[PDB]
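Chemist: So I pulled this structure from the PDB, and the sequence comes with it:
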Amino acid sequence: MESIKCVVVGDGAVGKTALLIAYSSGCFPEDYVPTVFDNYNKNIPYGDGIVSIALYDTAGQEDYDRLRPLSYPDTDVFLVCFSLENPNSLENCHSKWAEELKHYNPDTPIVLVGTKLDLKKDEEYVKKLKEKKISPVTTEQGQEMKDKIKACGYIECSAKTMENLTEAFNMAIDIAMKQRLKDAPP
Ligand SMILES: Nc1nc2c(ncn2[C@@H]2O[C@H](COP(=O)(O)OP(=O)(O)O)[C@@H](O)[C@H]2O)c(=O)[nH]1
Ligand SMILES: [Mg+2]
């Protein structure tokens, strides 16, 4: 049994809490969604063993700049989240999230996670988005940002449809465990 700590950050409303509730329960939140989900644990097969991943939600607004980082000590991997239908939230992964995580946790790997993939793929939503002169974040743009912030992985997912949802957390686990292997004596 190995334990890892995963903290989820990103702009308000990109879907951090829904991501965590969907992973915890297997269902997109059916009732009231809290601002910040209480931290919880999940046991996941990994190699010949079991990883216990402890998941921490955060309040992403700038108002919480001093309270939110109190969650950061001893983190093994961060999920930096942006909505695939909000290009502004992608740019903030560079101007805000990468800078904050480098300041507090310079050695901790990051996974860049695109959320709300179902809306990116929803033809009617895309039309209405286009009426406001916005288009979805492309995978080309998301991968470019992955490199810009030196994230160890990138994935696009939907808490609503579960598309790539559990694999986003499998990606975070694999990155954390491989870093732990790299840091061990030979
Ligand atoms: N269509 C869709 N909506 C989502 C998804 N994830 C979150 N939402 C919606 O986005 C809004 C904000 O979600 P929330 O989890 O509170 O975002 P947070 O502020 O980052 O924690 C809510 O209306 C959610 O229902 C998703 O994968 N697909
Ligand atoms: Mg939330």
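Modeler: Yep, that arrived. Residues are numbered from 1 along each chain as shown. Ligands and ions are numbered 1, 2, ... in the order given.
Chemist: C-alpha from now on. contacts and neighbour counts both.
Modeler: Noted.
Chemist: any idea how far residue 30 is from residue 143?
Modeler: Spatial separation of residue 143 from residue 30 under the definition C-alpha to C-alpha, to the nearest Å is 32 Å.
Chemist: more neighbours, those two?
Modeler: With neighbours defined as other C-alpha atoms under 10 Å, residue 143 and residue 30 compare such that residue 143 has more, 15 against 9.
Chemist: quick one, what contacts that one?
Modeler: Residue 143 sits next to residue 154 when contact means C-alpha atoms under 8 Å, 6 or more residues apart in numbering.
Chemist: Using the three-state scheme, assign it.
Modeler: Classification of residue 143 using DSSP: H, G, I helix; E, B strand; the rest coil returns helix.
Chemist: Identify the bridge partners of the residue lying closest to residue 75 once chain neighbours are set aside.
Modeler: Taking C-alpha to C-alpha, 6 or more residues apart in numbering as the measure, residue 75 lies nearest to residue 5, with 4.9 Å between them; neighbours along the chain are not counted. Residues in a beta bridge with residue 5, per DSSP bridges, are residue 54.
Chemist: in the chain, which residue is closest to the centre?
Modeler: Nearest to the mean C-alpha position of the chain, by C-alpha atoms, centre = their mean, lies residue 79 at 3.2 Å.
Chemist: Could I get the contacting residues of that residue?
Modeler: Counting by C-alpha under 8 Å, 6+ apart, the residues that residue 79 touches are 6-9, 110-113, 172.
Chemist: Just the closest of those to ligand 1, please.
Modeler: Nearest to ligand 1, judged by C-alpha to the nearest ligand atom, of these is residue 9 at 7.9 Å.
Chemist: pretty sure that closest one belongs to a strand, no?
Modeler: Yes: using three-state DSSP, the secondary structure at residue 9 is a strand.
Chemist: Tell me which residues of the lengthiest helix in the chain come out buried.
Modeler: Among all segments of the chain classified by DSSP state H, the helix with the greatest residue count is helix 165-182. Of the residues in helix 165-182, those buried by neighbour count under the rule 16 or more other C-alpha atoms under 10 Å are 165-166, 168-170, 172-173, 175-177.
Chemist: my read is the residue nearest to the centre of the chain is in a strand, agree?
Modeler: Yes: going by three-state DSSP, the assignment for residue 79 places it inside a strand.
Chemist: quick one: it from ligand 2, how far?
Modeler: In this structure, residue 79 lies at 14 Å from ligand 2, with C-alpha to the ion, to the nearest Å as the measure.
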